[PDB]
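Worksheet: the structure to be examined is printed underneath.
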Protein chains: 6
Amino acid sequence: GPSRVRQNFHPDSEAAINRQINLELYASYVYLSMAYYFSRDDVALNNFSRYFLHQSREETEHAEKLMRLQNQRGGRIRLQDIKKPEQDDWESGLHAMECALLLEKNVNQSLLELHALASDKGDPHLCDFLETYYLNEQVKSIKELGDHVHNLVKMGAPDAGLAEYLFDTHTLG
Amino acid sequence: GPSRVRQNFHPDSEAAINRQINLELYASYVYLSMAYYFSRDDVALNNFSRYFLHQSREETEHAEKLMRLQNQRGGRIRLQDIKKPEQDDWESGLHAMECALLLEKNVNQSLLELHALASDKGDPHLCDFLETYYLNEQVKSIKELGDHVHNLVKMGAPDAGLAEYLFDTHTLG
Amino acid sequence: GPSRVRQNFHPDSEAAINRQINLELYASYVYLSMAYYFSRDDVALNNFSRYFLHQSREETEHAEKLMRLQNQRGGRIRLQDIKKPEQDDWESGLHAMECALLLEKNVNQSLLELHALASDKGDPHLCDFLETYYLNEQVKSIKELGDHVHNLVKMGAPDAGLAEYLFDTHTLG
Amino acid sequence: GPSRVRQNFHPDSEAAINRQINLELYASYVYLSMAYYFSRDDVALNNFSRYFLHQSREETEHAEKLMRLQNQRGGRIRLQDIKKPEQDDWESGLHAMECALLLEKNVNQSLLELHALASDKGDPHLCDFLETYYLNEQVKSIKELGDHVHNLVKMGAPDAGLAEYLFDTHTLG
Amino acid sequence: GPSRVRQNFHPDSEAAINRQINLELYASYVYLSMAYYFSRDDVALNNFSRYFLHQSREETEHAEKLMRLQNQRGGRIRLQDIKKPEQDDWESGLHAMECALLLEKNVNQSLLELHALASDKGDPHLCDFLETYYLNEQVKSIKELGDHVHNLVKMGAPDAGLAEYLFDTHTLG
Amino acid sequence: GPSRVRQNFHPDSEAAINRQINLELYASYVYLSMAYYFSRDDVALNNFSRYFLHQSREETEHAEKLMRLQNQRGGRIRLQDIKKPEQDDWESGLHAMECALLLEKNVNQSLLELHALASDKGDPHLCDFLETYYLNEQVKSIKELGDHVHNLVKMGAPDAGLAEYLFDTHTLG
Ligand SMILES: [Cl-]
Ligand SMILES: [Fe+2]
Ligand SMILES: [Fe+2]
Ligand SMILES: [Fe+2]
Ligand SMILES: [Fe+2]
Ligand SMILES: [Fe+2]
Ligand SMILES: [Fe+2]
Ligand SMILES: [Fe+2]
Ligand SMILES: [Fe+2]
Ligand SMILES: [Mg+2]
Ligand SMILES: [Mg+2]
Ligand SMILES: [Mg+2]
Ligand SMILES: [Mg+2]
Ligand SMILES: [Mg+2]
Ligand SMILES: [Mg+2]
């Protein structure tokens, strides 16, 4: 017996949504890691720290919106371990921005696969949800990180002593 | 000679939109019926009454938005009789909530068929309209009614004397 | 066993009130039809549209007040199909005003029959209700439509090109 | 080496977006032309002028939003000459409204082709962008121009001396 | 070469603090799970949901305060996977409250072990931190959950139909 | 038969004013190009972007004021294609500032030729218009661009990594 709410909601979509929830929580955790890297006494770039912390909290919102969608559609949320980030030392402002950019493109590819699946299962509600709340948000994030990486590289990060310091103060400040 | 406004608007879509307008008006009428059931002297659940009345007025808005779309696209509105509801006595708070839930799923299936037709006729304007204003609204409605049915059942409606009374006061109040 | 509220309320009055509810809902539907006629791209008289839409919503209020009276008196509301309007194309501003005037006189004759019945059944509560909320409202409506028809005719509607256009802007604007 | 931001963005979409940017700029220029036609001493319809000027500025916004999308997605903006409008003398209020209507339908057909291309290239971000910001805007524009053409024709434009004068004052005023 | 900030900070304390960070994040995840259990269509206790969501966000704050302490003292944060909760279906309002109570006592025992370690390593800064921000907070949480479990049991949860419903509305509302 | 408004307005002035309108529109387009260069992901100097966008909108105002003058004097506006800018890639902050400076001097030389023509045709109204609204505006623009080029060169643009970045933030910010 399915949910009395469930309608036109494919089991494969339910499962893909649970995989997406894990990926969003993972991304939250990556950014939380980055945030506290920047507030080390031997790094001390407070606006990089604030930036990544804000990203971490936004990833939690992305996760919750998918958990709500699961409930709305009569799916059942199935949580899995949240894997720790690949690094605990993020090396530099530039390196963390580059890692974030790769992570955002990977999440985007996941969301595009999810939309393709929704399209295959004739679920326009799911397609619209991803278009309204996920796809443009990812385009905006990737473009912003691309901008940041570009500026840091041009400024001489990470080796030029003033580069990360000034970018912290001006762009992220 | 078509409307001088008409563009990429399939006659089958025009007709399906007229069928949808009738269904929305019908749903308005069902809820109007339910609303005045609850204000009978031998039922007297005023917040159930207010709930269904609010649903009835929202269905009229859904109808009007489709009538406006028809005009916008250069279709011609073709009205049909609005059939009376299946019951004039809705038996209980629970039974009316269950009937509303079935009606919302039926309207949803209609809207999903309409989107499939819009998709087949390559009408992305029509697809977007249904996604923006109809499909999520139906998901939200069905989930809300599912919540209400669940609570009423658990509380012992309709036979437990306090159940509908307390649900009227707390959830719908 | 009657309603424990019912007193001095004739079954014939209960039935006539149910017939009146259907007529009010019908009138609502006629005006809704007219409203969306005027917002066609090949008619485009927006203040005619607004006028008829306002009339449509007021007819719904008339219907609801009768549904409430039914409940107040311990009658049982019995809904019937709402028949579609006689036309989907209302031809002109003048023609719609003339159709509205005929409809208002027909509704008035119905209400006068209802009062005669209430009088025959010695129901002064019912007589007063119709006098307070229905009879003067109909006199005012018929007089207003008579005024509008008169002006439109004098102005040269529907064939004189400026007539409906200017009446839309000045009288209904 | 592509943009480090670029993802799931087909070269054909990039090119079609550059063609759309040119068309939007062209439409801006057409309306700018119309605006200054209406403020000639031998035409002097100031509200027609204001109307077309407002349309011209909105077309520039449409162009810029596409230039931003190009950048967001990692495409490269490629500008081309903006061709002058077909006329410098727009003959009458009615004739300009009819020309605008044809132009809006042509732009709409272009945008529908662009959506079909986005659909073929599996770019739901691009599809959504066009649905959110372009397709409904075009439906609304075409319907509004259809309304205006209808009224002007009925009023006797362009030959009836009061028609354009009164429409300027009432509808566009 | 240690942190140039590090003073009187035992490697065993650094490690125990990293274990505590994982436990806090785990507790956040447990409550997030519970929160979305309560907003299922077949559970639909919205104030239970809000309660657990608030608990989840507070656990994140506990985690962050420990990550900040690590940085303050010149320790190095070492993140580990966050294990999924023991259940995805939390059975009832009462059962979730009982699970929360057990979890809070387990976290408390962990914090008491951490204080004993800080005491053994002569780290009064660490002892004070745990006393100021953790130990009383846990006493308050455990007492509150004890109160809630007591009331739910007395009310007849989970089998009495009104119990969880009324507790949701009154105590958690 | 000339405009009934036309007085002391030489056909050569009318033509030169139409050439000036094209040049102003061209300059608008050049700056629009520059603006969207700076918001590329591989350039990302947002205040350069804002600067050039503001210049682009001001050029449109210059064009419109000349179109209004044409109408005021009873001339007839004759629009021509707006040629695309010489580059779509503007290379650097410095290079775009240098290109803008050359463009402003070229527009200035055009306006000085126009004043010489107005002087030759004994049109003091035209001379005054150019003096009031064009000539000082160009002096101010050229001086400002000269200032900017000077600072960028001194700072080490384009090769010194901090130069354009800091000038974007401080001078244009
Ligand atoms: Cl008038
Ligand atoms: Fe995300
Ligand atoms: Fe509906
Ligand atoms: Fe779509
Ligand atoms: Fe009525
Ligand atoms: Fe009387
Ligand atoms: Fe446009
Ligand atoms: Fe905690
Ligand atoms: Fe200029
Ligand atoms: Mg591992
Ligand atoms: Mg029947
Ligand atoms: Mg019939
Ligand atoms: Mg040409
Ligand atoms: Mg495990
Ligand atoms: Mg060329």
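Going through the structure tokens in order, the chains are called A, B, and so on, while each chain numbers its residues from 1 and the ligands are numbered from 1 in the order shown.
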
- Task: Could you give me the residues within 8 Å of ligand 11, counting only C-alpha atoms and all ligand atoms, as a count of residues only?
- Result: 4

Would you list the residues that come within 7 Å of ligand 7? Count only C-alpha atoms and all ligand atoms and give the answer as a PDB file with N, CA and C atoms, in the first residue's frame.
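Everything below was put into pocket-v1.pdb:
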```
ATOM      1  N   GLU D  24      16.779  41.097 -30.076  1.00  0.00           N
ATOM      2  CA  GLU D  24      16.262  41.947 -29.001  1.00  0.00           C
ATOM      3  C   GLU D  24      16.721  43.400 -29.195  1.00  0.00           C
ATOM      4  N   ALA D  27      14.764  44.948 -31.952  1.00  0.00           N
ATOM      5  CA  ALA D  27      13.419  45.321 -31.526  1.00  0.00           C
ATOM      6  C   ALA D  27      13.448  46.630 -30.717  1.00  0.00           C
ATOM      7  N   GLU D  59      13.009  46.165 -24.325  1.00  0.00           N
ATOM      8  CA  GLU D  59      13.745  45.295 -25.246  1.00  0.00           C
ATOM      9  C   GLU D  59      15.234  45.285 -24.904  1.00  0.00           C
ATOM     10  N   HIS D  62      15.662  42.860 -22.200  1.00  0.00           N
ATOM     11  CA  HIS D  62      15.662  41.495 -22.715  1.00  0.00           C
ATOM     12  C   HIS D  62      17.034  41.161 -23.292  1.00  0.00           C
ATOM     13  N   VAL D 107       9.518  37.648 -32.979  1.00  0.00           N
ATOM     14  CA  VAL D 107      10.431  37.417 -31.866  1.00  0.00           C
ATOM     15  C   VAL D 107      10.001  36.168 -31.093  1.00  0.00           C
TER      16      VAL D 107
END
```

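Rounded to one decimal, atom CA of residue A:154 and atom CA of residue A:166 lie 12.5 Å from each other.
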
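Residue-level contact on chain D: within 6 Å of chain C, counting only C-alpha atoms, the set is residues 146, 147, 150, 154 and 155 of chain D.
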
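You will find atom CA of residue C:139 at 21.5 Å from atom CA of residue C:93.
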
- Item | Surrounding residues as a PyMOL selection string, ligand 2, max 10 Å, only C-alpha atoms and all ligand atoms | chain A and resi 20-21+23-28+55-63+103-104+107-108+111+133-135+137-138+141

Could you save those same residues with C-alpha atoms as an mmCIF file, in the first residue's frame?
```cif
data_model
loop_
_atom_site.group_PDB
_atom_site.id
_atom_site.type_symbol
_atom_site.label_atom_id
_atom_site.label_comp_id
_atom_site.auth_asym_id
_atom_site.auth_seq_id
_atom_site.Cartn_x
_atom_site.Cartn_y
_atom_site.Cartn_z
ATOM 1 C CA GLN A 20 20.597 13.899 -3.909
ATOM 2 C CA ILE A 21 19.799 14.569 -0.217
ATOM 3 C CA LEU A 23 25.021 14.805 -1.780
ATOM 4 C CA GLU A 24 23.626 18.136 -0.467
ATOM 5 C CA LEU A 25 24.452 17.177 3.146
ATOM 6 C CA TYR A 26 27.940 16.145 2.004
ATOM 7 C CA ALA A 27 28.444 19.548 0.325
ATOM 8 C CA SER A 28 27.317 21.273 3.555
ATOM 9 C CA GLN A 55 27.765 28.251 1.635
ATOM 10 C CA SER A 56 27.563 25.409 4.240
ATOM 11 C CA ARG A 57 24.267 26.694 5.662
ATOM 12 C CA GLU A 58 22.806 27.130 2.179
ATOM 13 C CA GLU A 59 23.629 23.460 1.348
ATOM 14 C CA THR A 60 21.644 22.410 4.417
ATOM 15 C CA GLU A 61 18.674 24.372 3.015
ATOM 16 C CA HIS A 62 19.059 22.519 -0.313
ATOM 17 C CA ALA A 63 19.021 19.227 1.597
ATOM 18 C CA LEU A 103 32.185 20.261 -6.137
ATOM 19 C CA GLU A 104 29.544 22.616 -7.545
ATOM 20 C CA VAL A 107 26.490 18.536 -7.841
ATOM 21 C CA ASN A 108 25.197 20.223 -11.014
ATOM 22 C CA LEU A 111 21.004 17.506 -10.625
ATOM 23 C CA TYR A 133 15.145 25.840 -6.999
ATOM 24 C CA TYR A 134 18.293 23.961 -8.091
ATOM 25 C CA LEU A 135 19.449 24.489 -11.648
ATOM 26 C CA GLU A 137 21.192 28.328 -8.233
ATOM 27 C CA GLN A 138 23.975 26.034 -9.439
ATOM 28 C CA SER A 141 27.277 29.439 -7.818
#
```

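In this model, the gap between atom CA of residue E:47 and atom 1 (Fe, counted along the ligand's line) of ligand 3 comes to 28.5 Å.
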
- Task: Find the spatial neighbours of residue D:131, counting only C-alpha atoms, within a cut-off of 12 Å - ignore same-chain residues fewer than 2 positions away - and output them as a count of residues only.
- Result: 34

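Distance check against residue A:82 using only C-alpha atoms: of E:1, E:167, E:17, E:22, the minimum falls on E:22.
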
Can you pull out the residues contacting residue E:90? Cut-off 8 Å, using only C-alpha atoms, and skip same-chain residues under 3 positions away; I want them as a PDB file with N, CA and C atoms, in the first residue's frame.
```pdb
ATOM      1  N   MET E  34      14.434  12.872  12.791  1.00  0.00           N
ATOM      2  CA  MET E  34      13.182  12.882  13.529  1.00  0.00           C
ATOM      3  C   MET E  34      12.246  13.976  12.996  1.00  0.00           C
ATOM      4  N   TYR E  37      10.526  12.908   9.933  1.00  0.00           N
ATOM      5  CA  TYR E  37       9.563  11.848  10.226  1.00  0.00           C
ATOM      6  C   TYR E  37       8.175  12.443  10.547  1.00  0.00           C
ATOM      7  N   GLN E  87      17.421   4.738  12.904  1.00  0.00           N
ATOM      8  CA  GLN E  87      16.109   4.446  12.325  1.00  0.00           C
ATOM      9  C   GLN E  87      15.789   5.501  11.272  1.00  0.00           C
ATOM     10  N   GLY E  93       5.532   9.796  18.368  1.00  0.00           N
ATOM     11  CA  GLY E  93       5.983  10.916  19.188  1.00  0.00           C
ATOM     12  C   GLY E  93       6.729  10.470  20.450  1.00  0.00           C
ATOM     13  N   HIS E  95       8.070   7.435  21.145  1.00  0.00           N
ATOM     14  CA  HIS E  95       9.283   6.694  20.880  1.00  0.00           C
ATOM     15  C   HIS E  95      10.428   7.652  20.521  1.00  0.00           C
ATOM     16  N   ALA E  96      10.160   8.673  19.689  1.00  0.00           N
ATOM     17  CA  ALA E  96      11.208   9.644  19.348  1.00  0.00           C
ATOM     18  C   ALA E  96      11.687  10.408  20.584  1.00  0.00           C
TER      19      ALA E  96
END
```

- Identify all residues of stretch 21-138 of chain B in alpha helix (DSSP H) (DSSP on the backbone) and supply them as a VMD selection string. chain B and resid 21 to 37 46 to 73 93 to 120 124 to 130 136 to 138

With a distance cut-off of 6 Å and only C-alpha atoms, select the neighbouring residues of residue B:52, excluding the residue or stretch itself and same-chain residues fewer than 3 positions from it, and output the selection as a JSON list (two decimals) with N, CA and C atoms, in the first residue's frame.
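Result saved to selection-v3.json:
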```
[["chain", "number", "residue", "atom", "x", "y", "z"],
["B", 31, "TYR", "N", -16.72, 22.04, -3.17],
["B", 31, "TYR", "CA", -16.31, 22.57, -1.87],
["B", 31, "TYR", "C", -17.37, 23.50, -1.29],
["B", 35, "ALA", "N", -18.94, 23.17, 2.39],
["B", 35, "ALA", "CA", -18.84, 24.27, 3.35],
["B", 35, "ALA", "C", -20.18, 24.40, 4.08],
["B", 49, "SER", "N", -16.25, 24.26, 7.99],
["B", 49, "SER", "CA", -17.02, 25.05, 7.05],
["B", 49, "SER", "C", -16.13, 26.10, 6.41],
["B", 55, "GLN", "N", -11.29, 26.73, 0.23],
["B", 55, "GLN", "CA", -10.99, 25.87, -0.91],
["B", 55, "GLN", "C", -11.89, 26.21, -2.12]]
```
